[PDB]
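Take a look at this single chain, the form deposited in one PDB entry, given in structure tokens.
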């Protein structure tokens, strides 16, 4: 019974990457078969340093090594897994190093505090003090998991070691330290956070490398979430103000991208005093990316403002900046604004929305960019309950008409998908009065994808508006295409009947579309004929058994005698599926 285990063990030396990978992923079976002491003394030394350096093999090995706590002899001997993971935490591949660090953190919880101070802490010190910055980068991620469960002297040593990493010469080590600064500070005492974490945060935030400075914004958020509100101004606020006006556009982009988190962390008073001018300057930034990032946060930032003076601030400070953003030259800035500007109506109120937001909506609805118009249309639900869609339909209809007849068929496809929501919001009467012709004209479009999308949209519309409206308006119109000289439109009629059978009910299907389907079985084009066969197969369950045995079965039988092979095959398949014969 040991033969498969012997095969797996010898597969670790195989030159084939796939076989060696498969053997790696079954290391649990090998360890279980070998035992415990044999696993510790034979398998682990072999897996300590592997000559093969394939990224996926090393990644799989790193994943497996984090679950061998029981297979090596329980938590008592968990320190035996340290060498293989320490070797993996040094390789050049970033994902392998991250997986090794994650496994080390996962198995660190099984260490007793004595084992933590005897084996894990020396490992962290060796990694932090190593000659290769790949080791030092990995060491930054292991401070938070061993700090809470050590003595005071070990805590001071760990703090000193982390302080040394933040002043490293290699930019990657400093980047890792900046990344892990917040999660490290989350476990220190508040006094030590003020005394030691703040100087490191200030030093990293004023680093020469732009890639290091932009990582201080997340650290800023994490540190602000810890300190008391009265201590924010003296410690965190100057760094945040410096970051908001930083020379590099990447740092300003990071500030704008995490602006709502900063607003939540610092509180309402600091938000009103300092963050509002920062947002005003960010929306007027000279970089298009920064303006686009700040545009996304307009709605949330306005929502989270203090209710004491929310409307006044929005009117006197944010609204002019928004007005300047509507006329922006960058397409992406306008696209980003259009998707969030539409929801400021509930905050401002009906009269304020009519006076101020309505001109902005009208101006953005006439933009040359299709995506701006699509974004404005897609979010009408925010204002639908504030001012009503009656005040908006007169300007929405021209925009919908323009989008529905765009030269690019993908724009027409995009506007189609929003029609059921638009029809639901605008009401059935307005749809029948204005939008019915647009929907019908899509079924005869040259592009087949548009016809398919219009068919699915018609199914959604009938689902929304019920069967009676469909039978009254659409069904008499869709069956008119059966007389189209082009066979593509006839097959479109078949497809529309296919999707409408599931919703229109058995009675309507039998009385209105079944006679049309049966009449088209005599179409000269074989494509229409076997499409009729497939349609009869599909809508077969909806029809009654009496109708199936009376009129459907003879029609299917006649199709089985057709000259075309495809028609015969599809008719036979329909007969087999319906079990008529």
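Numbering follows the first chain given and starts at 1.
Beyond the structure shown, there is the form deposited in another entry, which is absent from this document and is the topic of what follows.
In this comparison between the shown form and the other one, the chain bends at a hinge between two rigid parts; from 273, 541, 390, 434, that hinge is at 390.
In comparison with the shown form, the Cα-Cα distance of residue 407 and residue 377 decreases by at least 3 angstroms in that other deposited form.
Compared with the form shown here, the Cα atoms of residue 376 and residue 407 move at least 3 Å closer together in that other deposited form.
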